[PDB]
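Below sits a lone chain in structure tokens, taken as the form deposited in one PDB entry.
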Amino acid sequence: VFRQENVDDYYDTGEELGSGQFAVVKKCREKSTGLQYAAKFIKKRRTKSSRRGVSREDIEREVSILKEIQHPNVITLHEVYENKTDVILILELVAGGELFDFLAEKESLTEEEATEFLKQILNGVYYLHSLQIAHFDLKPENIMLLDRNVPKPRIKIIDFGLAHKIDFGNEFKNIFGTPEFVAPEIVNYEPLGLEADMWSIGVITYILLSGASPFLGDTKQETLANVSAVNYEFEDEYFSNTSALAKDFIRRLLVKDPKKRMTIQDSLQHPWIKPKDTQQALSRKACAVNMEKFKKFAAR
């Protein structure tokens, strides 16, 4: 359950790291160990008729998922408190900022170097998917770095707000997420599973290489329609110096039919991620990220 004590008895809290919807995040320090965490205050709705907070079901689900996950590439949950108005998640402090903002600062980035970071996301998803957990909100802002000032920065996937344990024997259908990142089955209210994360990874990879967004249109409805139609191009302006292997990887991910979409286990075996001969390995070193445009992307 959730500790019914004053978190202020156990933590010192300070600067605001962020906020959104019905939550604020503060940096905090555990008094008994002196260790630093993130404290996330989530407003309870309190009455069902209220649209001014988060329902207990949703908090319960997220927390229950967070309780299970123990993997270097996903945030860890330390503790959970509850008071009259909030549930308070004490979360592993993830301070490296957004992966993309960190990549937007290099001068150059080989596909080989790109796959270094991308493989870290795959490993994180491999684990979640191995536990039957769909994240359902994979997008660039949810790919953080634990610490930016080390030679080999580690990726942490965060924000399990939309995540679900997949239930054999009960279809799950819903609309949610960010239009340019959601799979067609989310747009069309079709059944949802692990496969929807694989679509989103395709989108991320496409942006990582190009600085361009695959399905983004001039309006929400246009973006939704591009997605449902799988209407995307490898526009020559953006994919000039991008290998076939990289393009094959994305093509096997951006696939309307979930049953034909590449799986996490397969993507880890794909030649672009795991070169199976010397030609492919060199192709990876040779081609690069469209970094001029990519930087423009990180502009937001």
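Numbering starts at 1 and follows the sequence shown. Basically, rigid core = biggest C-alpha set you can superpose within 1.5 Å across the two forms.
The discussion below concerns the form deposited in another entry, not included here.
From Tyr81, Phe160, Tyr206, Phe100, residue displaced between this form and the one not shown - CA threshold 2 Å or more, rigid core
Among the listed residues, the one whose C-alpha moves by 2 Å or more is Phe100.
Per-residue C-alpha change between this form and the one not shown, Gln132, threshold 2 Å, rigid core fit:
No, shifts by less than 2 Å.
Please determine whether the C-alpha atom of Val150 is displaced by 2 Å or more between this form and the one not shown following superposition on the rigid core.
Yes, the C-alpha position differs by at least 2 Å between this form and the one not shown.
Core-aligned, does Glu190 move its Cα 2 Å or more between this form and the one not shown?
No, the C-alpha position differs by under 2 Å between this form and the one not shown.
Once you compare with this form, do the C-alpha atoms of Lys173 and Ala229 lie closer or farther in that other deposited form, given a change of 3 Å or more?
Between the C-alphas of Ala229 and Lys173, the gap widens in that other deposited form (3 Å or more compared with this form).
Given a change of 3 Å or more, say if the Cα atoms of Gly169 and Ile166 sit closer or farther in that other deposited form than in this form.
Here the pair is farther apart than in that other deposited form; there, closer.
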